[PDB]
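Following: one structure in structure tokens, then a few remarks.
Labels below follow one simple rule: chain letters A, B, ... track the order of the sequence lines, proteins then strands, and each chain is numbered from 1.
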Amino acid sequence: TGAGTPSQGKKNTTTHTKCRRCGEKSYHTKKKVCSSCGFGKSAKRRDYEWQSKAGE
Amino acid sequence: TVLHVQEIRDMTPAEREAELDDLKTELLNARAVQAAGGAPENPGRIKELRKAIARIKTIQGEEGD
Amino acid sequence: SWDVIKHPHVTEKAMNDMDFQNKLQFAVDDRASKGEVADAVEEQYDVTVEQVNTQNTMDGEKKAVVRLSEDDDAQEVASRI
Amino acid sequence: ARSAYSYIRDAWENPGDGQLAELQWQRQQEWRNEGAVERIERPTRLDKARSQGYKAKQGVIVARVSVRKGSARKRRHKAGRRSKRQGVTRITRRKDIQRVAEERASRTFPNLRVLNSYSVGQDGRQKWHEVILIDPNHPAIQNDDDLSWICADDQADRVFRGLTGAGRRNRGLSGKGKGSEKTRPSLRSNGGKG
Amino acid sequence: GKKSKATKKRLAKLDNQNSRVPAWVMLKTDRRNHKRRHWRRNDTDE
RNA sequence: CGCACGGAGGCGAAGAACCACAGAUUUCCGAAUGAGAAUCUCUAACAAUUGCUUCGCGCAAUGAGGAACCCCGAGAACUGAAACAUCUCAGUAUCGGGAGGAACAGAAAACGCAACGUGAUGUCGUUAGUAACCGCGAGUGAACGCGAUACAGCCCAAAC
RNA sequence: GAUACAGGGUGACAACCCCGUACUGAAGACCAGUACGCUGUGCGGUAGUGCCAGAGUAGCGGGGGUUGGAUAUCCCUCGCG
RNA sequence: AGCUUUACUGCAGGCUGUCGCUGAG
Ligand SMILES: [Cl-]
Ligand SMILES: [Cl-]
Ligand SMILES: [K+]
Ligand SMILES: [Mg+2]
Ligand SMILES: [Mg+2]
Ligand SMILES: [Mg+2]
Ligand SMILES: [Mg+2]
Ligand SMILES: [Mg+2]
Ligand SMILES: [Mg+2]
Ligand SMILES: [Mg+2]
Ligand SMILES: [Mg+2]
Ligand SMILES: [Mg+2]
Ligand SMILES: [Mg+2]
Ligand code: NA
Ligand code: NA
Ligand code: NA
Ligand code: NA
Ligand code: NA
Ligand code: NA
Ligand code: NA
Ligand code: NA
Ligand code: NA
Ligand code: NA
Ligand code: NA
Ligand code: NA
Ligand code: NA
Ligand SMILES: [Sr+2]
Ligand SMILES: [Sr+2]
Ligand SMILES: [Sr+2]
Ligand SMILES: [Sr+2]
Ligand SMILES: [Sr+2]
Ligand SMILES: [Sr+2]
Ligand SMILES: [Sr+2]
Ligand SMILES: [Sr+2]
């Protein structure tokens, strides 16, 4: 079975969903953790210095 | 417009409530006529009714009821 | 504070329920229960509510189909508004 | 004449001799069965506590903290590293154990602030320190001429910013002259070379 | 699928947003719904 | 009678619009705190950790945010050395914790132009690419002092 | 005209068409609950007195990190003191 | 760059002595 088109047919699983805390469609309903704002993982908001250039 | 602030402050606490219920009903009956597509409307009132209710409520808060 | 009844739901289907089954239809606050819809309606129009059916619509609002007792006449109640 | 306090002080100059030795050998048995942070009603070393700011007053708290002895509990590199950075065993942390203790204590009492701390011994595998914390919100303290300073907003979380006594020493600020070129006014302002 | 009450409210809004710029706004502004979403060609969130 | 010049209609001399200050209202999720949940739901709530305590959540505290700045911890590699290991990149990038409107520092167990001298601390200019480090290779790199800015000096522990 | 010839608008190039601009004045915010002033307290000096003055510290050794710090940086850790 | 080994240099880990915990005859 090809890893391409033929394997795309089984993708009918819902994982990332609208997040209660940030509004982005990143709340993983299986993990119950938002990949965008960290909701479900930390009280503090997910953020990293690498999200922008070092001198900015 | 028709209902001024003085007039509201001159009302008794019980008169504002009665007046409130009166206004809420004119409002509900207007929104009903609107829902039925009824055009015998006068767009200014449905808009005025909302402000009147806001005023009365503001005064009720101000006067302690 | 939110009110229970928003406005009468007037559509062809609503009329049939009114003429043929003595029912009134309303757009009501989606936080309202059948019991709250029942009371609010009796108090606003002074009638006796026999049964209430509800639905959360694809319009974001809640629709309530309220049947009145044989003592009251839907057409008449609706006609005064 | 000698104050009674001087006697407690003198006993602790040699915690391995005399009565104090027997005391410790007894206490530690109980301490080892206590938690990480135990609030205690009275300082084990009264002279030291009073000397550091302690007062038998409302809003003054004392807690004994135990921390493991030894070097850094470090994980070995999981990616490329030049030989100089491949060490694990001989690496030690830059914060002394007493400072770690002060921090664990302050976390336990989120509303309090670390005033100071001191050692109360150790066994083969751990060390104990008693930390003095102050309630910056209690009026008994807000009205105290000797302690109300700790109530200011800029004194919030002082332990976590190294404003503690053990913090300032560990930061190399003891000396005002030679040797403190890269420590004063801060390690960070000096490029972290202290 | 089974939609919750909240999911339903959201789908509802998306449908409403999918209407056109009223006729009068064209006149009033003397002369586009940049958010016209098709159920098939597009994809909503969740 | 917003952007926004439509239609209908309305508001304003009972002084509206509009602007300033102050106040009212301020759904749900959210640190999110009664419990659970993809913004809803279930049967009275400072959840959790603490201080005081009338030992009752009665009175209080913490939590999260913010452009960067600031303080305390953890800490690479590409690269340079025309290879490379110490060295260098660099205590940099990135990570953990935390404060403020600025932080931090700070009234000498100092300095050591050695003196019959200076006199808390930052910072700026300079001292100086000097002293010092270094496969003594490549590279790395201060301080005292001086000229400035601004200036401010005090409180405990103990004795009694 | 000008203590106003900055700038903008206005059917084409504007000191004098309109807003502004000079001059004068007003309010808020910051400086700052600071300076000044004041209330209270009481500074200081002689003589005598070994009454007091911060310990795992000062310091030493083993192992590391860090620094220009070289025998002579700062810090951590284990032991001694 | 992946891999190998009696390539160079190091780093975990194991074994072992010693110091601390650690005391009485
Ligand atoms: Cl603290
Ligand atoms: Cl000098
Ligand atoms: K390298
Ligand atoms: Mg149903
Ligand atoms: Mg600084
Ligand atoms: Mg449609
Ligand atoms: Mg909750
Ligand atoms: Mg090279
Ligand atoms: Mg070479
Ligand atoms: Mg360097
Ligand atoms: Mg010097
Ligand atoms: Mg280095
Ligand atoms: Mg290769
Ligand atoms: Na509706
Ligand atoms: Na704390
Ligand atoms: Na689709
Ligand atoms: Na508001
Ligand atoms: Na609280
Ligand atoms: Na309580
Ligand atoms: Na090269
Ligand atoms: Na190479
Ligand atoms: Na070298
Ligand atoms: Na000179
Ligand atoms: Na250093
Ligand atoms: Na050492
Ligand atoms: Na390869
Ligand atoms: Sr599937
Ligand atoms: Sr979690
Ligand atoms: Sr972050
Ligand atoms: Sr519809
Ligand atoms: Sr905090
Ligand atoms: Sr498709
Ligand atoms: Sr001065
Ligand atoms: Sr002293």
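- Residues from residues 60-93 of chain D lying near RNA chain H, meaning a heavy-atom separation below 4.0 Å, are D/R76, D/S83, D/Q86, D/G87, D/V88, D/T89 in numerical order.
- Distances shorter than 4.0 Å separate some side-chain N or O of D/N170 from OP1 or OP2 on G/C76.
- For F/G100 with F/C69, the Watson-Crick or G-U wobble criterion holds, each of the two distances under 3.5 Å.
- Judged by Watson-Crick and G-U wobble geometry, where both atom pairs must sit under 3.5 Å apart, F/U54 and F/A138 do not count as a base pair.
- For C/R31 and C/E36, the salt-bridge test fails: no basic side-chain N is under 4.0 Å from an acidic carboxylate O.
- Summarising the base pairing, F/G119 is matched to no nucleotide, lacking a Watson-Crick or G-U wobble pair whose two defining distances lie under 3.5 Å.
- Salt bridge status for D/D123 with D/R32: present, with a side-chain N to carboxylate O gap under 4.0 Å.
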B/S/- contact track for nucleotides 153-160 of chain F, protein heavy atom under 4.0 Å:
--SSSSSS
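- Annotation: F/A82 and F/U86 have their P atoms spaced 16 Å apart (nearest Å).
- Taken together, F/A48 and F/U62 constitute a Watson-Crick or G-U wobble pair, since both relevant N/O distances lie under 3.5 Å.
- A salt bridge does not link D/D96 to D/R169: none of the charged side-chain nitrogens sits closer than 4.0 Å to a carboxylate oxygen.
- A/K18 has no carboxylate O lying under 4.0 Å from a charged side-chain N of A/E24, or vice versa, which leaves the two without a salt bridge.
- Stacking of the bases of F/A115 and F/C116 is not indicated, since the six-membered rings fail the criterion of centres under 5.5 Å apart and planes under 30° apart.
- Annotation: G/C51 and F/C160 have their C1' atoms spaced 9 Å apart (nearest Å).
- Contact check for D/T183 versus D/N190: no side-chain heavy atoms found under the 4.5 Å cut-off.
- Put simply, B/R45 has no side-chain N or O that comes within less than 4.0 Å of OP1 or OP2 on F/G9.
- Within the 4.0 angstrom heavy-atom criterion, only backbone atoms of the sugar-phosphate kind lie near B/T1; the bases stay farther away.
- Going from the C1' atom of F/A148 to that of F/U127 covers 14 Å, rounded to whole Å.
- F/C155: glycosidic angle beyond 90° from 0, hence anti.
- For F/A38, neither phosphate oxygen OP1 nor OP2 lies less than 4.0 angstrom from any side-chain nitrogen or oxygen of A/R21.
- Base orientation of G/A26: anti, since the glycosidic angle falls outside 90° of 0.
- The glycosidic torsion of F/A13 lies within 90° of 0, placing the base in the syn range.
- By the Watson-Crick or G-U wobble test, with both distances required under 3.5 Å, F/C42 and F/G56 do not count as a base pair.
- Taking the P atoms as reference points, F/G137 lies 40 Å from F/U121, given to the whole Å.
- Its glycosidic angle being more than 90° from 0, F/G65 falls on the anti side.
- Between D/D144 and D/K57 there is a salt bridge, with a side-chain nitrogen of the basic residue lying less than 4.0 Å from a carboxylate oxygen of the acidic one.
- The pentose of G/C13 is categorized as south (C2'-endo side) on the basis of a negative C1'-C2'-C3'-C4' torsion.
- Look at the P atom in both F/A114 and F/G145: the space between them is 13 Å, to the nearest Å.
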Atom pairs under 3.5 Å, N or O on each side, protein against nucleotides 96-99 of chain F: can you list them with distances?
unit_1: F/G97; atom_1: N2; unit_2: D/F160; atom_2: O; d: 3.2
unit_1: F/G98; atom_1: OP2; unit_2: A/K44; atom_2: NZ; d: 3.3
unit_1: F/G98; atom_1: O3'; unit_2: D/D157; atom_2: OD2; d: 2.7
unit_1: F/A99; atom_1: OP1; unit_2: D/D157; atom_2: OD2; d: 3.3
unit_1: F/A99; atom_1: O4'; unit_2: D/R161; atom_2: NE; d: 3.3

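- Remark: F/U140 pairs with F/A132, satisfying the Watson-Crick or G-U wobble criterion at under 3.5 Å for both atom pairs.
- The six-membered rings of G/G45 and G/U46 are stacked: centre distance under 5.5 angstrom, interplanar angle under 30 degrees.
- Stacking fails between G/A55 and G/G56 under the rule that six-membered ring centres lie under 5.5 Å apart and planes differ by under 30°.
- One N or O donor and one acceptor, one from the side chain of D/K182 and one from the base of G/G68, sit under 3.5 Å apart.
- The aromatic rings of A/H16 and A/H28 lie perpendicular to each other, with more than 60° between the two planes, well past the 30° mark.
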How far apart are the C-alpha atoms of B/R9 and B/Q6, what are their side-chain angles, what is the distance that settles it, and do they pass the side chain to side chain donor-acceptor pair (under 3.5 Å) test?
CA-CA 5 Å; B/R9 293 214 169 81; B/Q6 274 183 300; over 6 Å; no
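- Look at the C1' atom in both G/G68 and F/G117: the space between them is 28 Å, to the nearest Å.
- The partner of G/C80, taking Watson-Crick or G-U wobble pairs whose two distances both stay under 3.5 Å, is G/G59.
- Using a 90° window around 0 for the glycosidic torsion, F/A47 falls outside it and is classed as anti.
- Geometry at G/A47 and G/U24 does not meet the Watson-Crick or G-U wobble definition with both required distances under 3.5 Å.
- Base stacking between strand neighbours G/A32 and G/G33 is absent under the criterion of six-membered ring centres closer than 5.5 Å and ring planes inclined by less than 30 degrees.
- Taken together, G/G1 and G/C5 constitute a Watson-Crick or G-U wobble pair, since both relevant N/O distances lie under 3.5 Å.
- Taking only distance into account, the side chain of D/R94 meets the base of F/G91 through a donor-acceptor pair shorter than 3.5 Å.
- For the pair F/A76 and F/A77, the rule of 5.5 Å between ring centres and 30° between base planes classifies them as stacked.
- The residues E/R10 and E/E46 are annotated as salt-bridged, a charged nitrogen and a carboxylate oxygen being separated by less than 4.0 angstrom.
- Taking side-chain N and O atoms only, D/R99 has no distance below 4.0 Å to OP1 or OP2 of G/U77.
- Comparing F/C95 with F/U130, their P atoms are spaced 38 Å from each other, to the whole Å.
- When the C1' atom is used for both F/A22 and F/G12, the distance is 25 Å, rounded to whole Å.
- Pairing status of F/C124 against F/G63: not a Watson-Crick or G-U wobble pair with both distances under 3.5 Å.
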